[PDB]
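Results of the structural survey
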Amino acid sequence: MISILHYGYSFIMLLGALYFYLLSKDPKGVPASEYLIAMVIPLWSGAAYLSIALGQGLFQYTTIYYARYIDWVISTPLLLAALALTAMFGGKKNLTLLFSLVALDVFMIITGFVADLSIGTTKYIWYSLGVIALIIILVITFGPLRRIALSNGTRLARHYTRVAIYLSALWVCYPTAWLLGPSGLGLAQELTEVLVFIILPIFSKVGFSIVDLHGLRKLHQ
Amino acid sequence: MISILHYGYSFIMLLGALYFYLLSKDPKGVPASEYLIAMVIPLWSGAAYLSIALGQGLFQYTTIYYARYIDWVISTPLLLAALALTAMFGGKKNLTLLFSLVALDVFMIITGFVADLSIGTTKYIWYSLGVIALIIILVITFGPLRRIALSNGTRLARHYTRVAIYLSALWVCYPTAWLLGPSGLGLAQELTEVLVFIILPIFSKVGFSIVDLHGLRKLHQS
Amino acid sequence: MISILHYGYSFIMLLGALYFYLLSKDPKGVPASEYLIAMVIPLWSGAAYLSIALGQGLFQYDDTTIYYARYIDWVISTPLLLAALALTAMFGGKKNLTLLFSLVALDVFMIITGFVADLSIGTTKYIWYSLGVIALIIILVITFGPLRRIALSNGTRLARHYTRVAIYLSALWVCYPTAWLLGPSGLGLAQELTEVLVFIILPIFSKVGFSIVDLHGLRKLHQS
Ligand SMILES: CCCCCCCC/C=C/CCCCCCCC(=O)OC[C@H](O)CO
Ligand SMILES: CCCCCCCC/C=C/CCCCCCCC(=O)O
Ligand SMILES: CCCCCCCC/C=C\CCCCCCCC(=O)O
Ligand code: NA
Ligand code: NA
Ligand code: NA
């Protein structure tokens, strides 16, 4: 079941990528960079998840689905880049703030991987550092980044706020599932966690970009 | 023999690097970035191949020359960057298209590594995904990227087209040799593969940049 | 003692990071990028050194202990330090990102040769070490040659500051390959504990010290 679920995930990522490619061909005032980011996220995630489907992206240590971290260490900084470019749509870019989010995010995913490789108190030290990174990401998202979105007009700010809540709601689920699952307290079953880390990312990756791109395109007319 | 051949490769990379450094001192309207890229490619490749010569960049799994993938994952995106900056010479840059090529290329090399670590059907799934990335790279090269080259005038477009064909011809040899060699169908002997992945990269790396830089320098006024 | 020393290091990195954050809130004409770089260096290093403190960022190889977390630290922290140095030289003028990325490329190569040298034995070790030293020399040639000339093109006051930070960085950085060669990873003249203290004290000056000196100098160029 776990293999088939991952094949399914990868096929959905492939379909998402193709949809974003088709949209890119009639861009409606949205820059090519946004479409490129939208395509890389699912294609890379699809590849990583394909490795799990093929029985490669995991080892016994509990099962570590290490391919998930290879996925997220690329896909999640690109998602924050997407979020940051949305806030900045129609205005001056702040690449300093954007790379601040990328740095926090890459650190967050790494602490997760290290936490998964750790045992006892050490595991939760790393996990806790990852959660602290996420909180700071959310502080930036609803603080200075949102203020940039507001500086770019009511219609853009409305859209940014929607995508900001969408992203934030999904992202807090990841460390919650991690803590509950085999990598953490072990209250939730492996199969339950596998389904969560199949369904969440479909919404976090393809869902997010459908909502993000459609909203930005709608600002054209 | 395999060790000595790799020492030779590294010495040629070193010579190439120094030649590009000397050219950079009298740039003839070619930007420093092009000279930097031209030097990094062979220096990094030389280092990677030196590790093979010293017996470090390979393990038994059949022999995997993993240092080749460490080489290519840096050297091949830089080569496409070089190609893209050539198309854009004299005009506005399209870094989106450039990073599209970098992303495709890094994926291509990784699928190769994963394919080399795989057995049976799984190997050829990864290989096939790598080939699909290469096809898209070539489609970009002769499609949108060439159209940018054409927007920058007759003489630049002529040069870009030459370098584009040079690169494309060499690059399709890599997945061909891979499939024929021990990593694939195993028709070719290890020594045969080692020689191909010594001679190809000399032309793909040092050869390419001699052709690319000389062509751009020839466009210089006064 | 080695664990406690690393905990101490990480706490000092954390304090440095917070100080640079507070400075960033009243920037005095210094761009946000400089403050971001100043914070990333110690935070990343603190993380890497925390792994050593917890007993994770090291393994036994050739009977010697390899502190592999130091290389994970440096491969990110040292290119960011040269970026900081390069942006100082370019302060008030056109940027040269080609020269900046030249330094980043040399630096990342340097740290990798170090790691490979640490994993190597006999002549092979010193081939890698030697390539790393050659990278450092070229970095220093850039620092006192073309990069300094960019600093001079941005006026007397900036060039004076750049030269100070350039000497500060250079003096600290030549110590790293010296300690490495003398210590367990090299000739084995110096004891593990000696090396551990060197690679605790040097980086406090190389990371937090450097940025205090760099940022204070740039801020002092502001007229309020
Ligand atoms: C094993 C893998 C190792 C990978 C190693 C990765 C190193 C990360 C750092 C790179 C240098 C950062 C470059 C900084 C670019 C300069 C920023 C700039 O242009 O500044 C503009 C201005 O200062 C703002 O207002
Ligand atoms: C694990 C894989 C890591 C790969 C990292 C990327 C390798 C290096 C290639 C980067 C491409 C650099 C292109 C620079 C564009 C310069 C454009 C300009 O001159 O304005
Ligand atoms: C592993 C070692 C190499 C990794 C880093 C490679 C860096 C070299 C690549 C590209 C150089 C980018 C130059 C950007 C030019 C912008 C214009 C300018 O201001 O000069
Ligand atoms: Na966006
Ligand atoms: Na070029
Ligand atoms: Na600086």
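Residues numbered from 1 in each chain as written, not as in the entry; some residues may be left out. Chains lettered and ligands numbered in written order. Heavy atoms only, no water. Residues with missing side-chain atoms left out of burial classes, pairs and counts.

Structure determination for this PDB entry was carried out by X-ray crystallography, with a resolution of 2.2000 Å recorded in the header.

Looking up chain B in the PDB entry gives the name xenorhodopsin, with the organism given as Bacillus coahuilensis. Its official PDB title, as written in the record, is "Crystal structure of the light-driven inward proton pump xenorhodopsin BcXeR in the ground state at pH 7.0 in the presence of sodium at 100K".

Under the annotation held in the PDB entry, chain A carries the name xenorhodopsin and is attributed to Bacillus coahuilensis.

**Quick look at the overall build of chain A**
On a plain count of helices and strands, chain A comes out with nine helices and two strands. Along chain A, from the amino end to the carboxyl end, the secondary structure elements read α-α-β-β-α-α-α-α-α-α-α. Expressed as lengths along the three principal axes of its C-alpha atoms, the size of chain A is roughly 50 × 35 × 25 Å. (Helix = DSSP H or I, 4+ residues; strand = E, 2+ residues; numbered from the N terminus.)

**Observations concerning the overall build of chain B**
If you tally the helices and strands in chain B, you get nine helices and two strands. Traced from its N-terminal end to its C-terminal end, chain B shows the element sequence α-α-β-β-α-α-α-α-α-α-α. Its C-alpha atoms give chain B a radius of gyration of 18 Å, near enough to 17 Å, the size a compact globule of 222 residues would have. (Rg over C-alpha atoms; globule rule 2.2 N^0.38 Å.)

**Comments concerning the site of ligand 1**
All names here are of chain C. Close contacts around ligand 1 come from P31, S33, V75, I76, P79, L80, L87, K95, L97 and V104, and that covers them all. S33 is positioned such that a nitrogen or oxygen atom in its side chain is 2.8 Å from an oxygen atom of ligand 1. In isolation ligand 1 exposes 720 Å². Once the protein is present, 58% of that is buried. Only α3 (69-89) and α4 (97-119) provide two or more residues apiece to the shell around ligand 1. (Near = heavy atom within 4 Å. Polar contact = N/O pair within 3.5 Å; in protein donor to acceptor, adjacent residues only side chain to side chain. Areas by Shrake-Rupley, 256 points an atom, 1.4 Å probe, with all protein chains shown as cover.)

**Focus on the coordination of the sodium ion (ligand 6)**
All names here are of chain C. The coordination sphere of the sodium ion (ligand 6) contains the protein donors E34 (OE), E34 (OE), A84 (O), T88 (OG1) and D214 (OD), at a distance range of 2.2 to 2.8 Å. Going along the chain, you hit the donors of the sodium ion (ligand 6) in the pattern E-x49-A-x3-T-x125-D. Of this pair, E34 sits in helix α2 (residues 32-53) while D214 sits in helix α9 (residues 192-220), and the two are 180 residues apart along the sequence. Overall, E34 belongs to the buried group, its relative accessible area being 3%. According to the relative accessible area criterion, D214 is buried, its value standing at 2%. (Donors = N, O, S within 2.8 Å, 3.2 Å for Na, K, Ca; no water. Buried < 20%, exposed > 50% of the residue type's maximum accessible area, 1.4 Å probe, protein only.)

**A closer look at the interface of chain B and chain C**
If you look at the interface, chain B gives nine residues, while chain C gives 11 residues. Of the roughly 770 Å² buried where chain B meets chain C, counting both sides, 80% is carbon and sulfur surface. It is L36(B), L54(B) and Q56(B) that lose the most area in chain B upon contact with chain C, and together they represent 49% of the buried surface on that side. For the pair chain B and chain C, the number of links is zero salt bridges. Viewed at the interface, chain C and chain B are joined by two residue pairs in polar contact. Class assignment of the residues belonging to the side of chain B that touches chain C gives a composition of six nonpolar, three polar and no charged. (Contact = heavy atoms within 4.5 Å. Buried area = accessible area lost by both parts, 1.4 Å probe. Salt bridge = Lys/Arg side-chain N within 4 Å of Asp/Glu carboxyl O. Nonpolar A, V, L, I, M, F, W, Y, C, P; charged D, E, K, R; others polar.)

**Overview of the pattern of salt bridges**
For the coordinates displayed, the defined rule picks out eight salt bridges over all chains. With its nearest N and O atoms 3.4 Å apart, the salt bridge here joins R68(A) to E193(A). One end of the pair, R68(A), is in helix α3 (residues 67-87); the other, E193(A), is in helix α9 (residues 190-217), with 125 residues separating them in the sequence. Side by side, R68(A) and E193(A) carry an identical accessibility label, which is buried. In this structure, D73(C) and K207(C) form a salt bridge, with 4.0 Å as the shortest nitrogen-oxygen distance. Of this pair, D73(C) sits in helix α3 while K207(C) sits in helix α9, and the two are 134 residues apart along the sequence. Just as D73(C) is buried, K207(C) falls in that class too.

**Here's the deal with the coordination of the sodium ion (ligand 4)**
Residues and elements named next belong to chain A. Around the sodium ion (ligand 4), the protein contributes the donor atoms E34 (OE), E34 (OE), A82 (O), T86 (OG1) and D212 (OD), which lie 2.2 to 2.5 Å from the metal centre. Taken together, the positions of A82 in helix α3 and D212 in helix α9 put the pair 130 residues apart, joining distant regions of the chain. This pair shows no difference in class: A82 is buried, exactly as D212 is.

**Let's talk about the environment of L100(C)**
All names here are of chain C. Here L100 shows up in helix α4. Distance in space between the C-alpha atoms of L100 and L147 is 8.9 Å, their sequence separation being 47 residues. When residues no more than four places from it in sequence are discounted, the contact partners of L100 are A83, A86 and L87.

**A look at the packing of aromatic side chains**
Considering all chains together, one arrives at 30 aromatic pairs over all chains under this definition. Plain terms: the ring middles of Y69(B) and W72(B) are 5.7 Å apart, the flat faces sit at 75° to each other, and that makes the pair edge-to-face. Here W72(B) and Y69(B) lie together in helix α3 (residues 67-87), a separation of three residues that amounts to about one turn. Overall, the relative accessible area of 9% leaves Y69(B) in the buried class. You can call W72(B) buried: its relative accessible area is 8%. Connected via pairs of aromatic rings, a cluster forms that spans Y69(A), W72(A), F113(A), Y174(A) and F197(A). (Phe/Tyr/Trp six-rings, centres within 6.5 Å; stacked < 30°, edge-to-face > 60°.)

**Some words on the interface of chain B and chain A**
One widely used convention gives an interface's size as the accessible area the parts lose upon coming together. Facing the 11 residues of chain B at the interface are nine residues of chain A. Three residues, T96(B), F107(B) and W126(B), lead the burial of chain B against chain A; their summed loss comes to 50% of the area buried on that side. Inspection of the chain B/chain A interface yields zero salt bridges. Our count for the contact surface shared by chain B and chain A stands at two residue pairs in polar contact. Of all the secondary-structure elements, those providing two or more residues to the side of chain B that touches chain A are α4 (95-117) and α5 (121-142) of chain B. Residues of the side of chain B that touches chain A, tallied by class, amount to seven nonpolar, four polar and no charged.

**Some details on a nonpolar patch on the surface**
Residues and elements named next belong to chain A. Taken together, the side chains of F11, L14, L15, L18 and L43 present a nonpolar region at the surface, about 470 Å² in accessible area. Among the elements that line the nonpolar patch, the one with the most residues is helix α1 (residues 2-24), at four residues. With respect to the helices and strands, the residue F11 is situated in helix α1. (Patch = residues over 30% accessible without salt bridge, like charges linked within 9 Å, V, L, I, M, F, W, Y side chains within 5 Å.)

**A closer look at the side chain of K205(B)**
All names here are of chain B. With respect to the secondary-structure elements, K205 resides in helix α9 (residues 190-218). When its relative accessible area of 2% is taken as the criterion, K205 is described as buried. If near-sequence neighbours (up to four positions away) are discounted, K205 is found in contact with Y9, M13, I41, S45, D71, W72, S75 and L79.

**Here we look at the site of ligand 2**
All names here are of chain B. Ligand 2 sits among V73, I74, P77, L78, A81, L85, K93, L95, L98, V102 and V106. Burial of ligand 2 by the surrounding chains reaches 59%, relative to a free accessible area of 600 Å². When residues of the shell around ligand 2 are traced back to their parent elements, those giving at least two are α3 and α4. When residues of the shell around ligand 2 are assigned to their parent elements, the largest contribution, six residues, is made by α3. For the shell around ligand 2, a count of residues per class yields 10 nonpolar, no polar and one charged.

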